[PDB]
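Peer 1: so I pulled this structure from the PDB, and the sequence comes with it:
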Amino acid sequence: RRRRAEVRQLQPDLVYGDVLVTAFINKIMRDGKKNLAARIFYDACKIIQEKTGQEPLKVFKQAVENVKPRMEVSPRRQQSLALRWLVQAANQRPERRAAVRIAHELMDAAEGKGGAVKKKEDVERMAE
RNA sequence: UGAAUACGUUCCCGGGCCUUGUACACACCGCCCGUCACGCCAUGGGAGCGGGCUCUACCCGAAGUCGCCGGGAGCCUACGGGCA
């Protein structure tokens, strides 16, 4: 208790220059292998730009933004919570490739739709 | 390779520690209290029975004492008394 402890702060990834990136990679992270989950994200983004032509970064941030619950919310938990549904919803997708399921899950989330975004509407609506 | 979450955890499940207060107790997941079952002893009344004693009322027992009369032919000496 006290001191408000710490949460540490990491650096960008490579082609995006954002912290939330690695943070999200930590969610997809499993078995302790970030190297794998890393490419899974990059490849997931590559599919986005090769299907929408838009920046895979602006689609990522926006997606997570359209998931951060307002009520159920600290500016931090908004990230932890959002990243959760983004992975869970992407874990239950039709696509066979991990990078493909996440890619679609992100695009839909960025457009304000999908299972992850649908879950939020429920939590918020059941809170208000 | 390398997290997520860690302060809003102030609570609080639980442990430890300082401090306040209270009852009993110190085997403290205590201790007491009470009922029930068994054993022994003991207290009191009551319906009633047996024995002794006390108080009140009536019913006359004897000895003895006190008092009066006294038998008159009764038990007798006589200023007459008296005994029975």
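Peer 2: Looks like it came in fine. Numbering: from 1, shown residues only, chains lettered A, B, ... in the order given.
Peer 1: pull out the buried residues from stretch A:32-45.
Peer 2: Using 16 or more other CB atoms under 10 Å as the test for burial, stretch A:32-45 gives A:34, A:37-38, A:40-45. All C-beta spots, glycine's among them, are computed from the backbone N, C-alpha and C.
Peer 1: show me what contacts the residue most central in space within chain A?
Peer 2: Geometric centre of chain A, nearest residue: residue A:83, 4.3 Å, by CA atoms, centre = their mean. Applying CB atoms under 8 Å, 6 or more residues apart in numbering, we find residue A:83 in contact with A:23-24, A:27, A:64.
Peer 1: neighbour-wise, which of the residues you listed leads?
Peer 2: Ranked by neighbour count (other CB atoms under 10 Å), the contacts of residue A:83 have residue A:24 at the top, with 24 neighbours.
Peer 1: nearest residue to that residue other than its sequence neighbours?
Peer 2: Distance criterion CB to CB, 6 or more residues apart in numbering; nearest residue to residue A:24, sequence neighbours excluded, is residue A:83 at 5.5 Å.
Peer 1: which parts of the helix or strand hosting that neighbour are buried?
Peer 2: Under the criterion of DSSP states H and E, residue A:83 resides in helix A:77-91. Within helix A:77-91, the residues that count as buried by 16+ other CB under 10 Å are A:78-79, A:81-83, A:85-87, A:89-90.
Peer 1: near RNA strand B at all, that helix?
Peer 2: Yes: for a cut-off given as CB under 7 Å from any atom of the strand, helix A:77-91 has contacts with RNA strand B, namely A:77, A:79-80, A:83.
Peer 1: which of those sits closest to RNA strand B?
Peer 2: Of all these, residue A:80 has the smallest distance to RNA strand B: 3.0 Å, by CB to the nearest atom of the strand.
Peer 1: torsion angles phi and psi at the nearest residue to residue A:29 once chain neighbours are set aside?
Peer 2: Sequence neighbours aside, residue A:37 is the residue nearest to residue A:29 in space, at 4.4 Å (criterion: CB to CB, 6+ apart). Main-chain torsions, residue A:37, degrees, to the nearest 10: phi -50, psi -30.
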